[PDB]
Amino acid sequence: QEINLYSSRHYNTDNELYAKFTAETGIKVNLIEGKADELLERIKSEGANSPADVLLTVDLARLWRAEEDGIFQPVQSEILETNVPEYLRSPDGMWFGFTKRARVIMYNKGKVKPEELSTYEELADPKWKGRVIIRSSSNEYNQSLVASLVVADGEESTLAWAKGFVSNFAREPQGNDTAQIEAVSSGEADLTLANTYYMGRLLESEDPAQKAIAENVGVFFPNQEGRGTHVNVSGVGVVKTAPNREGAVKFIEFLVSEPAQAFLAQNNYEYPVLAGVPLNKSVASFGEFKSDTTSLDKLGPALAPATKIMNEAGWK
């Protein structure tokens, strides 16, 4: 028994995660990693005999586009239904989220006080001129965030926001989320937007250098007075032509079960989807916050206008 996993997850803990699965079920995991868009293209180009059993992403919107293109097959699992909140899985059992991550404002403690922060929209304020940095618009975390702004504020307003946000950049987008945190820590900028688990990793690192970086940067959950902080998920679905549907289903059921949920929360610093599972202490220290649960099912359709907006605004 084996499954062919196509995953856009890119963490050093993924190997142990999959190992946990095999040690529990005896099912071998053949892994193919790459960026979400690349994996979807590969699957579609490989045809009806593609080896792909499971498609794993770190973005809800890409999962939507995958389901739209009919790449998944329905799965009805009692464990999936009970463990995964309805709003975090496909109404037709096409895909399911198994972790949650928040894209929040991370700021230099010495240069910024929390009282000066509020919403994502405010980051376009002239006050932040030459003090903001963020990774490239090509990244899905950013595209999904911009999509949520389109959904909540509209295309016209988001375009205006993006132009202002870009005008505030201290440097052109370079590096990943962690590179942004380090740059803010080093005084190259005062704030950025990154996923919570990246800060969790730095705070929990055995490398003193990483922990030192974390100490200079604080975390702020935006839009608390309104829709809430933008929350995305790491999701998964069984490919329609999966050669081993049985193993594929067991894999997804494994991901949402207590053992895997606890590991993901404790070792990869993400928010588990299963209730009753404790967060990593460092992540717990961020505090409680309101999550945006209303803009989720409309994010996918908003991808197109979001990317158009990011391009027009000059967000490289």
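Position 1 is the first residue in the sequence shown; the rest follow in order.
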On mean Cα temperature factor in this entry, is 91-99 or 185-193 the higher one? 185-193
Report the stretch with the higher mean CA temperature factor, choosing between 79-87 and 136-144 on the basis of the entry. 79-87
Highest recorded Cα temperature factor - choice among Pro114, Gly164, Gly200, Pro222: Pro114
Of the options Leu255, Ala248, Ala52, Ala66, which has the highest CA B factor as deposited? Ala66
Grab the CA temperature factor for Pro272 from the record and place it in the lowest, middle or highest third of its chain. lowest
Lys20: CA temperature factor from the record, placed by chain third, in the middle
With respect to C-alpha B-factor, does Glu122 fall in the lowest, middle or highest third of the chain as deposited? highest
So, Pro259's CA B-factor, relative to its chain, sits in which third? The lowest
Considering every modelled residue of the chain and its Cα B-factor in the PDB entry, is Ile43 in the lowest, middle or highest third? lowest
